[PDB]
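Below, in structure tokens: the form deposited in one PDB entry, a single chain.
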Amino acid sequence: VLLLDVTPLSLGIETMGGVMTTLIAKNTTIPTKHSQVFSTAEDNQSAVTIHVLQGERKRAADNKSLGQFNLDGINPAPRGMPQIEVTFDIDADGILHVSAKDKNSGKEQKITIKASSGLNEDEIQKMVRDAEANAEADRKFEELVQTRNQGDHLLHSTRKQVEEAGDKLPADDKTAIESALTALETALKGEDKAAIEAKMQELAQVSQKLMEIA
């Protein structure tokens, strides 16, 4: 055949740290359906926000928002535990159905997005061009977010571990850990990946006894 219908740009959702994660790649023939299981970004979350995105950039804010919805009623649990199945299905008339369902609670939400939604032909060409011209900066942003998400989880794990080790943790180590936490939290806000990793290292250095308690 010399012609067929595709979805012209990648579709997916925003994940922890403001990244676009793709569920359906650009130029995939329609109809088509793809699912992926996600979890929660922090301990004790009872909801997730599904922000639907069209485009080829790694920063979620640089793609086109198609809409969003919340999935609520998740039993609060340790980060990474809930299994949230997200499904994107585009039918033959180009209408996109996105759903998310929490396996444990059985709660589900969805949205329907009309086929005329999203970017037009010139914006599609520009999105492809801009992704190409900014490829190196986007890979660097993805690397930074990976390191921020690890630093963020180490910040929360450490505070939890300080808690679990009440008085067992010497007073002076608590003080040193707390200062290193502050420094890590500051580095996470910046955009220098090595600086964040360096603060995680410095925190590991004062956490030796904290680790022994575990």
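All residue numbers are counted from 1 along the displayed sequence.
Engineer: Between 179-187 and 36-44, name whichever shows the higher mean Cα B factor according to the PDB entry.
Structural biologist: The stretch with the larger average C-alpha B-factor is 179-187.
Engineer: Out of 1-9 and 204-212, which one has CA B-factors that are higher on average in the deposited record?
Structural biologist: That would be 204-212.
Engineer: Among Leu144, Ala133, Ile90, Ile84, which residue carries the highest C-alpha B-factor recorded in the PDB entry?
Structural biologist: Of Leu144, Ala133, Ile90, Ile84, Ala133 has the highest C-alpha B-factor.
Engineer: Taking the Cα B-factors listed in the entry, which of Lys64, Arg148, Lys174, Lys26 comes out highest?
Structural biologist: If I rank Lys64, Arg148, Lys174, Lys26 by C-alpha B-factor, first place goes to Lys174.
Engineer: Hey, what third does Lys126 fall into on Cα B-factor, ranked over its chain?
Structural biologist: Answer is highest: the recorded C-alpha B-factor places it there.
Engineer: Is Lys160 in the lowest, middle or highest third of its chain when residues are ranked by C-alpha B-factor?
Structural biologist: According to the entry, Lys160 has a C-alpha B-factor in the chain's highest third.
Engineer: Among the chain's modelled residues, which third holds the C-alpha B-factor of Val98?
Structural biologist: According to the entry, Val98 has a C-alpha B-factor in the chain's lowest third.
Engineer: Please place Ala115 in the lowest, middle or highest third of its chain according to the CA B-factor in the PDB entry.
Structural biologist: Middle third, going by the recorded CA B-factors of the chain.
Engineer: When the deposited Cα B-factors of this chain's modelled residues are ordered and cut into thirds, is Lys168 in the lowest, the middle or the highest one?
Structural biologist: Answer is highest: the recorded C-alpha B-factor places it there.
Although it is not shown, the form deposited in another entry is what the next lines describe.
Engineer: Does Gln68 belong to the same rigid part as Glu132 between this form and the one not shown?
Structural biologist: In the comparison between this form and the one not shown, where the chain splits into two rigid parts, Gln68 and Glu132 end up together.
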